[PDB]
Structure formats: structure tokens, C-alpha cells
Amino acid sequence: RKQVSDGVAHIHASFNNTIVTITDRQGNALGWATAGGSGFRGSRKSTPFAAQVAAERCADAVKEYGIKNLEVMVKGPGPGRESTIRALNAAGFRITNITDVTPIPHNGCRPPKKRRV
Amino acid sequence: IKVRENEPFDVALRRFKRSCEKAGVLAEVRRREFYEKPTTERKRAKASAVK
Amino acid sequence: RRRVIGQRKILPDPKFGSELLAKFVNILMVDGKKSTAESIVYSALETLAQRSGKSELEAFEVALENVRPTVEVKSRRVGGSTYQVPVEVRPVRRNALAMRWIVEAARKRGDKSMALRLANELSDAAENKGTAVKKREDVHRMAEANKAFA
RNA sequence: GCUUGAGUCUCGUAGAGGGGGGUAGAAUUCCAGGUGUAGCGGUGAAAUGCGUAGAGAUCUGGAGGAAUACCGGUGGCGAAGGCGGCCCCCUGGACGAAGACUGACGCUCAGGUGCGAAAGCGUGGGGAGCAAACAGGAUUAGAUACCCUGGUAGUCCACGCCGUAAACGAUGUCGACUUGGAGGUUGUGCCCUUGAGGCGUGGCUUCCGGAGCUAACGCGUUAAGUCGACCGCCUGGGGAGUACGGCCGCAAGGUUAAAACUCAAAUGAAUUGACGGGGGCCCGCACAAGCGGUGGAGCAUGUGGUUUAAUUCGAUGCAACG
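Residues numbered from 1 in each chain as written, not as in the entry; some residues may be left out. Chains lettered and ligands numbered in written order. Part of a larger assembly, values for the part shown. Heavy atoms only, no water.

Per the deposited record, determination of this structure is attributed to cryo-EM, with the resolution reported as 16.50 Å.

In C-alpha cells, the structure reads:
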């Protein structure tokens, strides 16, 4: 019941899952979505056409205000960097600026050895 | 990476910044590092680029 | 394997003369006793009169409408495991496939006799009933219902 | 005596060469607070784990440590090991050019001295991420592993020690000769320098390759070709870089280095093929698409069993069993 009018939307695009939260201008949570919470779980998610149905769920929780326009914050790789923005363009929302906020360091921390099969 | 356009449309322009960073220098990190594995495979893949 | 020719031109119904109904009787046929097939379906096909009262002709196609799918699965030996990538279904098999469900499920109906056990199914087809109509959604719940892979 | 070897002087050039001290930006983690709400994280799946004591996400502020995307290259510097952000201070070597100077002052070098990746060791600091050990979860016949959730030493700093590596070009240093082609990087001379530019002449360096060399692979002016000077080293495989003794070390352990006995080979490259849970391209009812079966049932038939005085001999993966 605040009517933020316009607020950026963060798209935490990951591999094992993807989640988009339609925060406000300053950066306050107004409504978040989630593939894991979008019916199918396990790992069936991930896929782009699976995240789209997730972020689209926001237009059902963050619609209580009246977002007439909004930007997009895509972070991290994975099947949900495009899908999300698309579903949002159809949901009825607008757009003000697309950008990738993926954490790309300068050889700072030393990543995990991991995987070796 | 900074998009912005007048006349609402979901054209793209987005894959334009997708040529300098993006999912590349990302997966580059992802798993472990490299150390000797790169200086080597980086100097062998170079051989490939000849013909 | 690599062979690429054409389809087998089937002989039309023993009366209405229609390939669509032709392969229909064949799919229904059994033990090469094609005769019985005709005398078993050609009857129930017209017995619709008692079930309606008019030029029972399009009823067949209309009944198949409620049994015409447009999406199926297809496991693929990729990604180490086995995909499922669902895909639609061309017309060539749409009409065909349906006919199977209409018959291959009209036999387990357990009514008076195959001759009639089949007739009723047609009425249940357009009116949605029996496994015949079931198989549709029970199949659609995969394709278009799991596009995550499609 | 001489000057071409070697060296000095001058003036330039490029460089992640070294030692010290600063400093910047991205990211991670953590602490605090705001928004907001039932998931997050992870895998092939899962589970451990974290979440309603409010996570994850998101945003604001703060603390701290490690490493410096892009440039980055088939690149550069160094004796080797190795050396990447920007800035300053102290410092080494390499190269070019007009030249000027010294005058064989050189090459190599057992012993000797010094430098040495990483791991490790001692004292004291530091500690974000990562991660031997260790602990859970999973996989599996088992799984003291690979995978997942955590995580200590350690990785970082100082100072001292240890001296090893597939410390590799598996190719000692120095010098002179010997067809060529394309390229990289850096200096210099010259050319309507009118240009990106064009022609030479030095340094270092890639790839192809001729003669020749080679057991073959291949090396080929940066030689494994043709020669000269000095040094290190090898003499069948196993036993064994082990034992013993010496020396070194805080300790790991290092260095030097056998015998007994045992085998008739151990080995190198290349060839033919077989195979690969290697790659490319193919065909077969091989699969996929369907039609009907076998597997259950009663009976037939054969076989292995079991039995029998005998249950006659044979046939036994697809190729054995109507």
C-alpha cells in the first residue's frame, strides 16, 4: 500500500537455482520470486523457461503497489539472465535500464579447487 | 555494462556488453584456479591458432 | 535406418471410402480377420443412429477431437543421463495415434461386446470419458507441462 | 709492441630483474542496522548444513586479509629458481651508436663460497579465501577415496633453517665456421621521412625446413651439422640411490655410496595388428515406431540337477537345450 511507482529488480542468476526480487528504488524488498518455490524443485528448475515462471510470480506479490516502471539487475551467470527480463517485459512492467552486476573481481580471493571426477 | 533506451521495447543491446566480460571470465573462475595448468594450456592452445 | 520413401497408401473404407477411416479399421483389425473388424466397427459406427438420430458421419471426427493430442515426450540419451525433451505431433500420427487410444482402450471397457463396447466409447470420446480421453491429459501432463526441457 | 678478444668511458633504449616503503580499485568473508518472507545451499540425484531465534535475496555503514581482471602476447627481464596493479627510494644486468681509452688484462674450472619452486622446521606475528588432518552427508559389494557440508596445520609477514623437483630444452660453459623461408620483440642508419609507411644494419626470440647428423623420432646457423678449450657424468636389470661409515641437519631427512644374492634380460625408437568406459564417418529389426509373444498357467520337449543296478555316449556364451 506504499505505491513505489518504480523500483529496480535484482536477478540473482545462479546455476543450481535463480531468484528475482522486485526491490524498490533505495533497495528495499517489495517482492521476491524463486524457482525452488515455483512448484518444480529438485533440479528441474535452473532452465530459463523455469525461472520465467518464477520471477513472474512477483507480479502476484509485488502487484499490491503499482510498479509502472522498473530497471533490471542481472547478477551471476546461469539459465535466468535472459528469461527473467523477458517474462518481466510481458508481465506488463516497463523498463529503464538493463545491467549486469555479476561479481567480477581482479584475481582477489582464490576460488575452490573442488570438482575432480 | 549500462543499458538505457527511449521508446519501450525489449530489443536487446544487452549482448553488446556480452563481449568483454559476461559468462566467460565468470566460468573462468567458477571452479579452481590454474597455476601451471594455464601457463601451459595457454601456450599450447596458442599453437592451435596457426592454422 | 537411413531408408527414406513414402507412406503406404491404404484402401478406403468398404463404403464411405476414406483413408482416415481405412487405417482406422486396420488399427482395429485383428488376426488378419479384417472381415470382423469391418462388421464390428462399421456397425457401431452406424449404431450411433440409436444413440442420436441423423447423418452420423462427422460424429467420428468430432469424437476424435477430444482424443487428438498435440504434444508428446521423447527421452534422449544425452547429458550423461536421459532427457525427455517433449515435442508436438504432426497430423500424420495425430489422427492415427488417437485411433489407437480409442480402440486399445475400448477393449478393456468390459461391456456387452466389442461391437458395442466400442460404440459407447465414441460417444464418451466427444463427451470426454474412458482412458481414451484420459490418456490425452495424462500425456499432456508431460509435454507442455514440463517445457523446462522442451 | 699491435688490436680484432676482453674491459673502461660517453649518450641513449626496453624490461613482471632485485630489496625497501607507500597507495588504489574490484571481489570474498565477517559485524551491525533497514526492507522483506519460507526458503536457501548443494548434487547425477540426494543428504549433512543454514532458515520462522527470520535465512537466502536486497540495501547502508564498518572491520580485515589475500591476490592484482582488462592490457597479456606464439611478449619481456633473470644464471638458475623465478618475476605481473599504480607511485617513490636504493640497486644489478642486457643492448645499440658515433665514437674516445686500456692493451690478451682471456676461456674453462676439481675442491671452495654463494644463490635454491613447493612442501616442511624454529621463534614471534597474522589469518579473508583456499585447504593435508579430522568430522559429518552420499556413492559402493565395500569406499579409511573421487562428490557434497564443514575444517586445523599450512598457505601470508619477519628473521633463521632445510637444500630437494619431470630444478626439463630430460640437450654444460666459451669461441669460429656452414643453403633458405615466414613471424615476434627491442636499438640504430638511411628514404619526396610526404604514409600505415620503404630500404638496410645489431641484440634477444618463435615456427617451417636443406646439406649433414641420427637407431628412429627427429635436430637443423638459438644444431643433436663441421671443429677447437675446459669441466661434470655413464658402463646390464633387480637388489638400490638401499645398507654401513663419514659429513651436514633442530627434525624431517640430505650428501657421499656398496655387497650378498638373483635374472637373461632390463631398455630406446619405430612397424603390424588387437583393444580403449578415444575421436571422425558409416551399415544390420541393433535401437527408436508399432504387431504379436516368452517370463505366470496346464500339457509337450530337451537340459542341469537329484536319483537310479542303469538312468548309454555326445552337444554347454552368442555357435548348448523340439
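And the narrative resumes.
Moving on, we come to the overall build of chain B. Counting secondary structure elements, chain B contains four helices and zero strands. Along chain B, helices (α) and strands (β) appear in the sequence α-α-α-α when read from the amino end. The C-alpha atoms of chain B give 17 Å as radius of gyration, which overshoots the globular expectation for 51 residues (10 Å, by more than 25%). Taken over the C-alpha atoms alone, chain B extends approximately 50 × 30 × 10 Å along its principal axes. Across the 51 residues in chain B, those meeting the buried criterion constitute 12%. For chain B, the accessible surface area stands at approximately 4,600 Å², while carbon and sulfur atoms represent 52% of it. Mean positive and mean negative side-chain charge positions of chain B (16 and 8 charges, respectively) differ by 5 Å. (Helix = DSSP H or I, 4+ residues; strand = E, 2+ residues; numbered from the N terminus. Rg over C-alpha atoms; globule rule 2.2 N^0.38 Å. Buried < 20%, exposed > 50% of the residue type's maximum accessible area, 1.4 Å probe, protein only. Areas by Shrake-Rupley, 256 points an atom, 1.4 Å probe, with all protein chains shown as cover. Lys, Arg positive; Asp, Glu negative; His and termini not counted. Charge placed at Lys NZ, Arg CZ, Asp CG, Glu CD.)

So, on to the nonpolar core. The biggest cluster of nonpolar side chains holds 24 residues, and the ones touching the most others in it are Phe24, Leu28, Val41, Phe60, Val67, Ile102 and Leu118 of chain C. Of all the secondary-structure elements, those providing two or more residues to this core are helix 1 (19-28), helix 2 (34-46), helix 4 (58-65), helix 5 (91-104) and helix 6 (114-126) of chain C. Every residue in contact with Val67 of chain C, bar those within four places of it in the chain, is listed here: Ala98, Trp101, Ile102, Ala125, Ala132 and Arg136 of chain C. Residues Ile67, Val74, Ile85 and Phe93 of chain A belong to the second largest nonpolar core, which totals 21 residues. (Core = buried A, V, L, I, M, F, W, Y, C linked by side-chain atoms within 4.5 Å. Contact = heavy atoms within 4.5 Å.)

Okay, the pattern of salt bridges next. All names here are of chain C. Tallying each qualifying case throughout the model produces eleven salt bridges over all chains. When the shortest N-O distance is used, the salt bridge between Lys54 and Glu56 registers 3.6 Å. Residue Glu56 is classed as buried on the basis of its relative accessible area, which comes to 9%. Residues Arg109 and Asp111 are paired through a salt bridge, measuring 3.9 Å at the closest nitrogen-oxygen approach. On the basis of relative accessibility, which here comes to 30%, the residue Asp111 falls in the partly exposed class. What emerges from the salt-bridge pattern is a single network uniting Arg109, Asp111, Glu121 and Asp124. (Salt bridge = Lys/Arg side-chain N within 4 Å of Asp/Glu carboxyl O.)

With that settled, the discussion passes to the protein's contact with RNA strand D. Residues and elements named next belong to chain A. Residues in close proximity to RNA strand D total 40 residues, the closest being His10, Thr34, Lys75, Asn107 and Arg115. Residue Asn107 places a main-chain N or O atom 2.6 Å away from a sugar or linking oxygen belonging to RNA strand D. Residue composition of the surface near RNA strand D, grouped by class: ten nonpolar, 15 polar and 15 charged. (Near = heavy atom within 4 Å. Polar contact = N/O pair within 3.5 Å; in protein donor to acceptor, adjacent residues only side chain to side chain. Nonpolar A, V, L, I, M, F, W, Y, C, P; charged D, E, K, R; others polar.)

What follows concerns the interface of chain B and chain A. Bring the parts together and some accessible area is lost; that lost area is often taken as the interface size. Contacts between chain B and chain A engage 18 residues on the former and 20 residues on the latter. Between chain B and chain A, the buried area comes to about 1,800 Å², and carbon and sulfur atoms account for 60% of it. Three residues stand out in chain B for area buried against chain A, namely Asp10, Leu26 and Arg31 of chain B, and they jointly supply 31% of the buried area on that side. For the pair chain B and chain A, the number of links is zero salt bridges. Taken together, chain B and chain A are joined by nine residue pairs in polar contact. (Buried area = accessible area lost by both parts, 1.4 Å probe.)

Right, let's get into the packing of aromatic side chains. Residue and element names in this part refer to chain C. Taken as a whole, this structure holds three aromatic pairs over all chains when the rule is applied. Aromatic side chains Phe24 and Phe60 sit 4.7 Å apart centroid to centroid with 70 degrees between the ring planes, which places their arrangement in the edge-to-face category. Of the two residues, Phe24 is situated in helix 1 and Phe60 in helix 4; the sequence distance between them amounts to 36 residues. For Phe24, a relative accessible area of 1% gives the class buried. For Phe60, a relative accessible area of 7% puts it in the buried group. With a centroid separation of 5.5 Å and an interplanar angle of 55 degrees, the aromatic rings of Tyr83 and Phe149 are classed as tilted. (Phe/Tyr/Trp six-rings, centres within 6.5 Å; stacked < 30°, edge-to-face > 60°.)

Let's shift gears to helix 6 of chain C. Residue and element names in this part refer to chain C. The end-to-end C-alpha separation of helix 6 is 19 Å, in line with the 18 Å expected for 13 residues at 1.5 Å each. Buried within helix 6 we find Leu118, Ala119, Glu121, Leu122, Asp124 and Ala125. Structurally, helix 6 contributes buried residues whose contacts are with helix 2, helix 4, helix 5 and helix 7 (130-140). Following helix 6 by one or two positions, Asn128 has its phi on the positive side, about 50 degrees. (Expected span 1.5 Å × (residues − 1).)

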